[PDB]
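Input: a single structure, listed below in structure tokens.
Convention: sequence-line order gives letters A, B, ...; per-chain numbering from 1.
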Amino acid sequence: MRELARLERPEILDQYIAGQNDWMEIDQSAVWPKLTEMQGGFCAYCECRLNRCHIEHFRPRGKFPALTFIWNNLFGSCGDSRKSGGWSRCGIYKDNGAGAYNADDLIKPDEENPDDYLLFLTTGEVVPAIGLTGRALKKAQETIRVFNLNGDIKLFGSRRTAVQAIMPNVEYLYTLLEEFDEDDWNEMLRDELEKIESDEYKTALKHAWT
Amino acid sequence: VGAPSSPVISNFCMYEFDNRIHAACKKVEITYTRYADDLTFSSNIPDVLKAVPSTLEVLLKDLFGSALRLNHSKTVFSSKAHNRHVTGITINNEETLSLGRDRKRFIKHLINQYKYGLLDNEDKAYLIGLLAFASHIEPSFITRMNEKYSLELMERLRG
Amino acid sequence: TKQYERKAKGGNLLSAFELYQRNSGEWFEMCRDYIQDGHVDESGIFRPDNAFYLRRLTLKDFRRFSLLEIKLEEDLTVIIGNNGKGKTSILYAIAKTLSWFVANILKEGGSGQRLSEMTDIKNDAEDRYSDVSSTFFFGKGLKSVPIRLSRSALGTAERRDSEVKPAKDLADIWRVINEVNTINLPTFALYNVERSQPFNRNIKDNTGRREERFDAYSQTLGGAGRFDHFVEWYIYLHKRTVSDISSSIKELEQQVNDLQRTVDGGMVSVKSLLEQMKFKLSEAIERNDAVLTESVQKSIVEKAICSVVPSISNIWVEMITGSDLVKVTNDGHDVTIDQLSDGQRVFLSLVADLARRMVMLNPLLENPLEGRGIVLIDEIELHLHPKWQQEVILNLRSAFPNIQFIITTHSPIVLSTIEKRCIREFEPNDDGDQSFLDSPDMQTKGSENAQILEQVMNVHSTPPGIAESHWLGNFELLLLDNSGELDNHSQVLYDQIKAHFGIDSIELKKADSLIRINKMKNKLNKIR
RNA sequence: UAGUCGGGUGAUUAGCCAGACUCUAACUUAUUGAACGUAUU
Ligand SMILES: Nc1ncnc2c1ncn2[C@@H]1O[C@H](COP(=O)(O)OP(=O)(O)O)[C@@H](O)[C@H]1O
Ligand SMILES: [Mg+2]
Ligand SMILES: [Zn+2]
């Protein structure tokens, strides 16, 4: 997961008020293009390419009905309740499959940098970052557990495979550091790091390259 | 079904059913109508009609227990990808009521036969009856037939 | 009636048949043409104008299913899921439905099979009854043939009725039209896990005649086939072919010609044998000279078997020992059927049985294996080595191009040969309340097996319960904890990986790669 | 690709031409009764 930059707030959230209005009422096609600007057409938590996608309340509408029509609270997550059943990570699992959790002990990707908490191994596990204790460890652990970032075999598989595809190219660049002057080699690495913004699982590919 | 009172009684017995389901559908922007035992639901929103069958089963059980049940074999989903009809009337892709291509072609066939004096009296009577129905559902079709076949021929037929 | 006449002239088969029955020429010919008309496509395969297949299946309170709907493909549908997801239940439901067509093709008002009141009703269903509803298609003139099989649980005082009249109506058309003038008939077969059995040639079934056409329907939906019936039928065909004198003359003429060539090539030792065969040929010609359909039937089946079953290149009957033996050339060696491996025998049995039935039921086709039908196969990969699993669906579909196959499998290797549109997958945590089955998201045809394992079958490509499966991950984490340098702990694990997987292993190469990359990354960091 | 919709042609339920559509997804139905259309009055 990525550090997201939440920039501008859409007009429609002003109109609807919590208590009176329900989430079934609000029009969703107004909300999406601002999220798609933020998130780049990728999921908030896992970084798949969004195709079946829903608006997710980071703090849910049951436990926090005050935090409902709040631009901070909304994120575009992979999965859909409507089109098919039994989705097993991210938004849908946080509610259904991840049972009890304190929402305070989760990484919120708009507020925080995830990179200090999470580490992506090239073998395709996501793990807590090197040298965390107490609360910083507990956030890393619970984020991994609640969004099901290792436990979804479909996701674990896809990420592992995506990284293992590029590991010849990583290996090969860091041989050529010997031969070239700095500014050409630094341009080469800048380029590869430019491409992976178009790619799925961009954080995991970054950790492989950098 | 054969008794003159049965239509009235059956509609009455479905009154509460109709109230509840109509109200429920209206909240989610689904159009609902009932023609005797035939229930029709339509919407412009994708992925809302899938929930309706489950809702129906619950409501039927609530109101009638096990006495009235859905025919699960007769539950059919359709869209503008496919043929759509409601009580024998085709809804075309321009959102207009139609007899359907095959029926129109058949009527044209019969008119052509009449033009050459090949229709027997029984078939003629049949054709006349069908044209009255066509006039009610698709008046534009009659106009087209007048254009295709001479108003004189068609007037002669309908006289 | 005038109404039926209008519908019949519009191409409605049932109306045409009703008019035929009431008047009993025009209408008969309409019905017969509807069934027999077709054309040969660009690939040289016969295609019926009016196809027959199962369109849709609905299960209500049946075994594990509360209410389930399946849409089937006209050609191939593969059902996948874990053990206990109800894959076999689906095939059983279909097979019972098909039994009503078979019963009524054999006998007017014949009875098909029934749902079990002991086992088939869902255990916790509040309504104590079950329904299996099917819809079949038979061309544009008969777009919908609905059947329902129903059963109430054993105690229950209300009894729920089946609705089978449409099945009977369609089967009546096949039976009656066939009686007046021969038509090709549909094949219905179920091959479940019961098809694995020991072979005994010694046991012969003396119930009915194996050469009689409608014997093709005998135990067709019983699950095992009747491989014994095949062997009996094949020996029968052989005896008739050998007894036909002109083919014997042609065969003898060919043998004499082959022997004459050998004698002309300098082998004087076979001259005595040539003279004997020439005498036999002359005698055969002298005996009153007159192509056996039996000869063609035999050839068709032999070709089918050899084409579909990879290890078998030839099949024939020998009588010279004094008992009739079917022999096969298996992997270049001539063996008896009894000597085949269980995997080979079971697969041979399936194909042989299917081919026999199609030959018997499609006498008017140039290639009888291009006939119509619905064939159900449970666990297609049963006893098959991975190598064979890569061929099996392709071979079957090539040999039987107009059959609707409905298959179950646990094999990713099989799935790698099939399009995603043909696949129906259970949701991972189903609990028997899912309303509609769907296809996987990933394209399976041409994909790597390891990807199908993970993306379609929800199984790790490396066994998570083995510690060694995690060593590379642990190794990487140790390397990253010590700023990319091999410390004592990382070196120990490296040595363990080397010791366990070997010097040439993928795993060790990955470890080496990690070392190289991390060393270089650290050097860059120091320069900065 | 396929299926669907159907404006036109066509001694016409066919065939051919033109244009269009695509929630995993139509399968054209039943009278003498009831209602509706037309005729009759
Ligand atoms: N009458 C029944 N009520 C409830 N569950 C049943 C009933 N009959 C069978 N089952 C369940 O259905 C499953 C049978 O799976 P089966 O049809 O053999 O599928 P598969 O071949 O995929 O294992 C088991 O989980 C069994 O417990
Ligand atoms: Mg009337
Ligand atoms: Zn996600």
Which is true for [X] with a 4.0 Å heavy-atom rule: it touches a base, it touches only sugar-phosphate, or it touches nothing?
{"X": "C:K71", "value": "nothing"}
{"X": "B:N92", "value": "sugar-phosphate"}
{"X": "B:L131", "value": "nothing"}
{"X": "B:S98", "value": "sugar-phosphate"}

Hey, is the side chain of [X] poking within less than 4.0 Å of OP1 or OP2 on [N], counting only N and O atoms?
{"X": "C:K140", "N": "D:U4", "value": "yes"}
{"X": "B:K108", "N": "D:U13", "value": "no"}
{"X": "B:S78", "N": "D:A26", "value": "no"}
{"X": "B:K104", "N": "D:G7", "value": "yes"}
{"X": "B:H82", "N": "D:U4", "value": "no"}

Using the [atom1] atom as the reference point in each nucleotide, state the distance between [N] and [M] in Å, no decimals.
{"N": "D:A20", "M": "D:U38", "atom1": "P", "result": "37 Å"}
{"N": "D:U32", "M": "D:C21", "atom1": "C1'", "result": "43 Å"}
{"N": "D:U22", "M": "D:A34", "atom1": "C1'", "result": "39 Å"}
{"N": "D:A11", "M": "D:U31", "atom1": "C1'", "result": "35 Å"}
{"N": "D:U13", "M": "D:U9", "atom1": "P", "result": "15 Å"}
{"N": "D:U28", "M": "D:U4", "atom1": "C1'", "result": "15 Å"}
{"N": "D:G7", "M": "D:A14", "atom1": "P", "result": "14 Å"}
{"N": "D:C17", "M": "D:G3", "atom1": "P", "result": "15 Å"}

Choosing from [options], which nucleotide comes nearest the side chain of [X]?
{"X": "C:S144", "options": "D:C16, D:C27, D:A11", "answer": "D:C27"}
{"X": "B:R101", "options": "D:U13, D:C17, D:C23", "answer": "D:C17"}
{"X": "A:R52", "options": "D:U24, D:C23, D:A26", "answer": "D:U24"}
{"X": "C:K7", "options": "D:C23, D:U13, D:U28", "answer": "D:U28"}
{"X": "B:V76", "options": "D:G7, D:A26, D:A25", "answer": "D:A26"}
{"X": "C:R56", "options": "D:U9, D:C5, D:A25", "answer": "D:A25"}
{"X": "C:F436", "options": "D:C23, D:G6, D:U24", "answer": "D:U24"}
{"X": "B:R144", "options": "D:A25, D:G6, D:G7", "answer": "D:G7"}

A:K154 NZ: over 12 foreign heavy atoms closer than 6.0 Å: no

More than 12 heavy atoms from other groups under 6.0 Å of CZ on A:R82: no

Rounded to the nearest Å, what distance is computed from the [atom1] atom of residue [X] to the [atom2] atom of nucleotide [N]?
{"X": "B:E94", "N": "D:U22", "atom1": "CD", "atom2": "P", "value": "13 Å"}
{"X": "C:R421", "N": "D:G3", "atom1": "CZ", "atom2": "P", "value": "13 Å"}
{"X": "B:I45", "N": "D:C23", "atom1": "CD1", "atom2": "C1'", "value": "12 Å"}
{"X": "B:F141", "N": "D:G8", "atom1": "CZ", "atom2": "P", "value": "9 Å"}
{"X": "C:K9", "N": "D:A14", "atom1": "NZ", "atom2": "P", "value": "13 Å"}
{"X": "B:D102", "N": "D:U4", "atom1": "CG", "atom2": "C1'", "value": "12 Å"}

Counter-base of D:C16, judged by Watson-Crick or G-U geometry with both distances under 3.5 Å: D:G8

Closest-nucleotide ordering on RNA chain D, the 5'-leading residue of B:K148 and C:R55: B:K148

Nearest-nucleotide 5' precedence on RNA chain D, B:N93 against C:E5: B:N93

Donor + acceptor pair across side chains of C:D131, C:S150 (<3.5 Å): yes

Classify the side chain of [X] and the base of [N] as holding, or not holding, a donor-acceptor pair under 3.5 Å.
{"X": "B:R105", "N": "D:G8", "result": "yes"}
{"X": "B:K74", "N": "D:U29", "result": "no"}
{"X": "B:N83", "N": "D:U28", "result": "yes"}

Identified side chain to side chain contact (heavy atoms under 4.5 Å, CB included) partner of C:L376 from the options C:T408, C:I407, C:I406: C:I406

Report the pucker family of [N] (north if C1'-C2'-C3'-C4' is positive, south if negative).
{"N": "D:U29", "answer": "south"}
{"N": "D:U32", "answer": "south"}
{"N": "D:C27", "answer": "south"}
{"N": "D:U28", "answer": "south"}
{"N": "D:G6", "answer": "south"}

Contacts of type side chain to side chain contact (heavy atoms under 4.5 Å, CB included), residue C:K85, not counting sequence neighbours: C:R64, C:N82, C:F426, C:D430

Ring geometry between C:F101 and C:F52 (parallel below 30°, tilted from 30 to 60°, perpendicular above 60°): perpendicular

4.5 Å side-chain heavy-atom contact, C:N12 and C:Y4: no

Side chain to side chain, C:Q21 and C:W27, heavy atoms closer than 4.5 Å: no

Atom pair OG1/CD1 of C:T77 and C:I418 - distance to nearest 0.5 Å: 10.0 Å

Electrostatic pair B:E138-B:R144, nearest N-O below 4.0 angstrom: yes

D:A11, syn or anti by chi within 90 degrees of zero: syn

Protein-to-nucleotide contact annotation, 5' to 3' order, nucleotides 32-41 of chain D [B base; S sugar-phosphate only; - none; under 4.0 Å, heavy atom]: -SS-SBS---

Qualifying residue for salt bridge (charged side-chain N to carboxylate O under 4.0 Å, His left out) with C:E73, from C:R56, C:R55, C:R421: C:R421

